[PDB]
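Residue numbers (the entry's author numbering), protein chains in the order written: chain B, 8 to 310; chain B', 8 to 310; chain A, 8 to 128, 132 to 310; chain A', 8 to 128, 132 to 310. A prime marks a further copy of an entry chain.
Below you'll find the structure, written out as structure tokens, and then a few comments.
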Ligand SMILES: O=c1[nH]c(=O)c2nn[nH]c2[nH]1
Ligand SMILES: O=c1[nH]c(=O)c2nn[nH]c2[nH]1
Ligand SMILES: O=c1[nH]c(=O)c2nn[nH]c2[nH]1
Ligand SMILES: O=c1[nH]c(=O)c2nn[nH]c2[nH]1
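In structure tokens, the structure reads:
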């Protein structure tokens, strides 16, 4: 293994070209992105056999300073004329390999830094502000891209993946976990109605990488839309386990977006422990946080 | 100083009585709380001279186990019939002092654990789910209450405070910071148009503590409404500093809620450093995260 | 309330004047600080009635920028000729009030950023390579005011140790507490008590905190080692009982101190396996999040 | 991909069999582990084609509950008769596949929860009181599969040290790098290089990782001390240059290792004061968030 790069390259751009012309789905009102504020956290990794002596001999002759990669990323966000994190990564990668001929491979991660709208009164009415936004520490979109230079100096994308990270969903009822193995290691009680609490990271891959860029936006799959599928399927489903849930979410995603090849899930169980099962004159209950150990599932659904 | 207690007492209740009948303000659509899910993180501190020997002699005869205070809090959330964190704290405090006659003072903090609604399709339409909610790691409401037992065994509230914590607001333009002291310690440039980024914790105190409980909900001041005042004033104001901003927010709060005695602000500056000032054929710019040191302000506005 | 300032002012100084000549105590090997690397995280807060219009009118005429406060602190760490965080805070405080006549009060916190020695090869401690520690760290607090007669006065000073996490595998009990409708906790005659400790002390004479007479300076390193020694020596009956005895020992070792203040938290593990064949050992695991805490002052 | 499991399975064992008889090296005083307190955080992941319907149909017939996996790991720490995290992982892996015939693969991570000795009073290290450390910690990884012939086989094993944060105040340069339209970084012939290191190693013979023959076990404590020694000895020309030399030294000291893998990060401070009167010292501060990193393998 041999690579190096720069992490936590935060870059905030105002007034990126808006994302419009997207194709809608029943589960989501998503219709585009205003891009008044477009925030991204970028990680860049680069490799190539010509970097060996930077490690083995301390020769920096062919070392692009990681500080310079930070400058490269932030300057290119200024000159980017597209509309997606996916397309920004392609722009950075192609530009970087064109600039640095001795680099053979580049890998990029971009993580959205999301901002939400806020209310303001003006000119007689209250409406969403075009100026004041709220930084969100909840779920966020992600993008990943790897690009290589071939022997003939052409550049090729070798992997692309989009995603939604940090989605934390609790469904208060309509979930069971029963019928699992009950042996000498089992102390979990069967539960016909638990408040299942899942953390979800959902990643998708396109059949055709061009559809990830937003250039023909009707072919773009938006993380907002993926979020809303996940919440809708969770609501619709009398869940039998997280495993059961995530497969159903993945099936719906691939049905809604035939241009996707597959969807991958990383789920975690964070379901609360129950403290009060019955409350006089109410269907309510009381729960609290569990001990630290958390279940998890990793699963791919393909077309 | 002598007290002890329990922190991070998470308690989640389903189907608390809804909060309705509130009085509206121009800055906010807030009209109440459904309370399908009501989550609170409680810290309890207790004191009293009769606790001395628990420290000086290792005598636990009069020690309420902190583990038992956790049970006390979680059981009382089950039996609570009111509609606010403020009222829940009063219920816990009065109940605890009534139960433990040797305790002379109790202090409680309650922090909302907020959940947001999500979309689901069902019966032909898409609408907010009554079952699936999204845990939010953004701003949250807070409540504080201190209660004492008097020599005659009556109980009195000695301090009450409500709040909104963790509000992170960025306004992309319409903010200046110019005219500050420029001496041998000054390297900050004057800036006539910066993207001011503030973290805000806003705390308010009522003229009459009863108005905090929600029993007559038209007198309750909701953290949601305070949030929307803050965003509206930020939008409306050509800010001259954070100091200038927070005073204006506080004035609006006290004008909208004459039943409040004062409002207190803890603000932090997290404004990004500018990297690209000019972008061809665009009003946009590029910024990035600053170094760690952060400015802050603490200020009270009173009626 | 009306004040403003700057937090997370990190400053790292190499080769500060070493702290030498400190009085040692039985419990600790501490005898000074080499100060090859001196790291401190400073927070400054300033007040004054003349700041009012910076809020009420947006007038920045009398605003020292918080960014400039950061420069002030960093430049003063370069010119500081002393040997303690406590003394550095006094230097900053006096310099700032002398510079800015419209400021009536200044509050400072300094938190050590600790670095530990490492081995380099015969093996010996390196004088160049250090290990950044995320464990316990020393702290200092100072509040200084301008009086009506233009004299400057320290109104409060406090040193401390923060982030000390100690677990004693045996020799701790918690029994005899109240058992009623809300008590589910079992009594335990031998628990592996795990405590987090923040310990703070005040001097009888604020000058002793500066280190100018090193014999009268109380080092957070020595407080740490007192706490571990007393924990080891004591068959604890509760955290309350433990911290009282720690405080008593500190005050006995440092008669120049007026008080010791404790903030403790209980993080004891849940026991899962009570008996292991042919062993005295047990298996424990992490508890649920709720944590007990205590706050207590011992006075000289 | 199809697997599931349990993370953050904390388990603390008192009085595990001590690790004795380890081979020492010049760079480290390490010679064994008392194991009065043995803390490990385990993550388990399991796979098998027969799990498919637990996803596609909601059939829990063949689901070992992740909660039960937690019980499995904790109970096996109580019955473990060995002396290393690496060996404990092998014990868990083999036991789990032997128990559950429908599981075809198991992956385990174990992360040490480290505790340091403290002083108790003559002053001496306590045998009861320990300090929880949030600094560097040892790690272990193991993957085991069931073959078509029902034999069990370890397909991957890796030990490591994580979270090592080292700063060398002088004796480091970074010069000669590419200078073009994107380069603003100044060359530096004497910088206080601050690196975070995660170091991982693989054995030629997976059995050497278990500790059964302690002479062949490579301790994370010894890797730590090699890293600090090499850092001290080397006039570094970059982090790339440093980690190569660290790797070479590790492989020279432990011929039983096949490779050493590094993940490093640059956290060097920005310099604010270049010269202080009558001192060799300087003042630095924390940089902006973006951090450089390197990843490199050295092979025997
Ligand atoms: O949904 C779940 N899947 C599982 O595998 C599991 N194990 N414990 N709880 C669980 N819940
Ligand atoms: O709004 C601000 N107030 C201040 O006091 C300040 N100081 N630096 N930047 C600042 N911004
Ligand atoms: O030392 C303790 N003091 C306490 O008050 C307490 N309460 N639960 N456990 C406890 N342990
Ligand atoms: O050691 C370093 N290697 C690098 O590649 C680099 N880039 N910026 N600074 C650096 N330091």
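Even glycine gets a Cβ: it sits at the ideal position worked out from N, Cα and C.
Does the beta-carbon of residue i, which I'm using as the reference point, lie nearer than 6 Å to any heavy atom of ligand 4?
i, result
"residue 248/A'", "yes"
"residue 184/A'", "yes"
Cβ closer than 9 Å: which chain B residues qualify as neighbours of residue i?
i, result
"residue 295/A", "298, 299 and 300"
"residue 258/B'", "Result: empty, since nearest Cβ-Cβ is about 15 Å, beyond 9 Å."
Beta carbon of residue i: closer than 6 Å to some heavy atom of ligand 3?
i, result
"residue 276/A", "yes"
"residue 103/B'", "no"
When DSSP labels each residue in this structure, what does residue i get in the three-state scheme?
i, result
"residue 60/A'", "helix"
"residue 306/B'", "strand"
"residue 177/A", "strand"
"residue 81/B", "helix"
"residue 257/B", "helix"
"residue 221/A'", "coil"
"residue 263/B", "helix"
"residue 270/A'", "strand"
"residue 276/A", "strand"
"residue 229/B'", "coil"
"residue 234/B'", "helix"
"residue 29/A'", "coil"
"residue 43/B'", "coil"
"residue 52/A", "strand"
"residue 239/B'", "helix"
"residue 216/A'", "helix"
Leaving out five residues on either side along the sequence, give the residues of the same chain with a beta carbon under 8 Å from the beta carbon of residue i.
i, result
"residue 91/A'", "26, 150, 219, 220, 221 and 227"
"residue 170/B'", "148, 149, 150, 151, 208, 209, 210, 211 and 230"
Excluding the 5 residues preceding and the 5 following residue i in the sequence, name in chain order all residues of the same chain whose CB lies nearer than 6 Å to its CB.
i, result
"residue 17/B", "48"
"residue 127/B", "136"
"residue 51/A'", "12, 13, 76 and 115"
So which residues of chain B' does residue i contact, with C-beta pairs closer than 7 Å?
i, result
"residue 170/A", "In chain order: nothing, as chain B' lies at least about 14 Å away."
Closer than 9 Å by beta-carbon distance: list the chain A residues that pair up with residue i, in chain order.
i, result
"residue 241/B'", "Result: empty, since nearest Cβ-Cβ is about 14 Å, beyond 9 Å."
"residue 307/B'", "8 and 9"
Which residues in chain B sit within 7 Å of residue i, going by Cβ to Cβ distance?
i, result
"residue 282/B'", "81"
"residue 77/A'", "300"
Is any heavy atom of ligand 1 found at a distance shorter than 6 Å from the C-beta of residue i?
i, result
"residue 70/A'", "yes"
"residue 193/B", "no"
"residue 73/A'", "yes"
For residue i, which residues in chain A fall below 7 Å Cβ to Cβ?
i, result
"residue 290/A'", "22"
"residue 254/B'", "62 and 63"
What residues from chain B' crowd round residue i, counting only those whose CB sits closer than 9 Å?
i, result
"residue 185/A", "67"
Please confirm whether any heavy atom of ligand 2 lies closer than 6 Å to the CB of residue i.
i, result
"residue 302/B'", "yes"
Beta-carbon within less than 7 Å of residue i's beta-carbon, same chain only, minus the 5 sequence neighbours each way: which residues are those?
i, result
"residue 281/A", "292 and 294"
"residue 261/A", "267, 270, 308 and 310"
Would you list, in sequence order, the uninterrupted beta strand (DSSP E) runs of no fewer than 3 residues that lie entirely inside the segment 68-151 of chain B'?
List check, beta strand (DSSP E) in window: 112-119, 122-129 and 132-142.
What are the complete beta strand (DSSP E) segments, minimum 3 residues, inside the segment 156-209 of chain A?
162-178
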